[PDB]
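Asks: One structure follows; several queries about it will come next.
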Amino acid sequence: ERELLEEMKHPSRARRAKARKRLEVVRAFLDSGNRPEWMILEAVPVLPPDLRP
Amino acid sequence: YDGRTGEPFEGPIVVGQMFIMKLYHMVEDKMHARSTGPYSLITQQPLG
C-alpha cells in the first residue's frame, strides 16, 4: 500500500495507471479484512446430496 | 334480414359459399389450471 502510494504519484501517466489498478485490489483486501491465501483452497466444499440429486 | 329484429340491414351485405378449415389448435387440449401440484426436486418451484 504505502509503496504503491509513492509509486502512483509518478509523473508518467502509464506507471501511475498500473499502480492505481493494482492498489485497487490491494485496498479491497485491506478494507474487507480478508486474506488472499484463501484464494488457494486446501479443502474443497462438497455440495449436499439433495442439491446434487 | 336480421333473424332477431326482422328488419333489413341498412346497406347490402356480401355473402356466398366460402371454404373454411378447423385448424389443429383446440381449446379442449390447450386449456388447463391447477392449485397445488408437484414441485421440482432440485428447487421447490412448481412444475411447468
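Values quoted throughout were computed directly from the atomic coordinates according to the rules given, and no laboratory measurement underlies them. Here Cβ is always computed from backbone atoms with ideal geometry, including for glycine, and neighbour counts include all displayed protein chains.
Asks: Could you give each residue of region B:17-32 its phi-based ³J(HN,Hα) in whole Hz, using Karplus coefficients 6.51, -1.76, 1.60 with θ = phi - 60°, and x for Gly or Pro?
Replies: Result, rounded to whole Hz: 8, 10, 8, 10, 9, 8, 6, 4, 3, 10, 3, 3, 8, 9, 8, 5.
Asks: For a Förster distance of 41 Å, can you work out the FRET efficiency between the beta-carbons of residue A:38 and residue A:14, rounded to the nearest 0.05? Don't skip to the answer; put the middle values down first.
Replies: Numbers: r = 32 Å, r/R0 = 0.78.
For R0 = 41 Å, the calculated efficiency reads 0.80.
Asks: Shifting gears a bit: Looking at B:20, A:26, A:49, which one has the Cα that reaches farthest to the positive end of the dipole of the protein assembly as shown (charges on Cβ: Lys, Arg +1; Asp, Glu -1)?
Replies: So the residue furthest toward the plus end is A:26.
Asks: According to a simple spin-label model (label point 7 Å from Cα along Cα-to-Cβ), what is the distance in nm between residue B:15 and residue A:21?
Replies: Using points 7 Å along Cα→Cβ, the separation is 8.0 nm.
Asks: Taking the Cα centre of each part, how many Å lie between chain A and region B:16-31?
Replies: With chain A and region B:16-31 each reduced to a Cα centre, they are spaced 65 Å.
Asks: Hey, another quick one. What share of Cα pairs, in percent, lie more than 17 angstrom apart in chain B? Show your work: numbers first, answer last.
Replies: Details: 796 of 1128 pairs.
Result for the distance tail: 71 percent.
Asks: Quick check on chain A: take the gyration tensor over C-alpha atoms, sort the square-rooted eigenvalues as a ≥ b ≥ c, and tell me if it's rounded (a/c under 1.5), prolate or oblate.
Replies: On the way: a/c = 4.54, a/b = 3.29, b/c = 1.38.
Cα axes put chain A in the prolate bin.
Asks: Against the 2.2 N^0.38 Å scaling, with N counting residues, where does the protein assembly as shown land? I'd like the Cα-based Rg ratio to two decimal places. Provide the component values of the computation, followed by the final result.
Replies: Numbers: Rg = 37.0 Å, N = 101, 2.2 N^0.38 = 12.7 Å.
That works out to 2.91 for the protein assembly as shown.
Asks: Can you give the helix-only mean residue ellipticity at 222 nm for chain A, where every DSSP H stretch with n ≥ 4 adds -39500 (n - 2.57) and the sum goes over all residues, rounded to the nearest 500 deg cm²/dmol?
Replies: Details: 2 runs with 27 residues, N = 53.
After summing the helix terms and dividing by residue count, I get -16500 deg cm²/dmol.
Asks: Provide the per-residue ³J(HN,Hα) series for region A:12-29, in order, calculated from phi with Karplus coefficients 6.51, -1.76, 1.60 and θ = phi - 60°, each as a whole number of Hz, with x at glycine and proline positions.
Replies: Going residue by residue, I get 4, 5, 4, 3, 3, 5, 4, 5, 4, 4, 8, 4, 4, 4, 4, 3, 4, 5 Hz, with x marking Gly and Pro.
Asks: Using the crude model of +1 on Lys and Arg Cβ and -1 on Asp and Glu Cβ, and no other charge, please compute the dipole size for region A:7-53 relative to its Cα centre, in debye to 20.
Replies: Using Cβ point charges on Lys, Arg, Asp and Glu, region A:7-53 gives about 680 debye.
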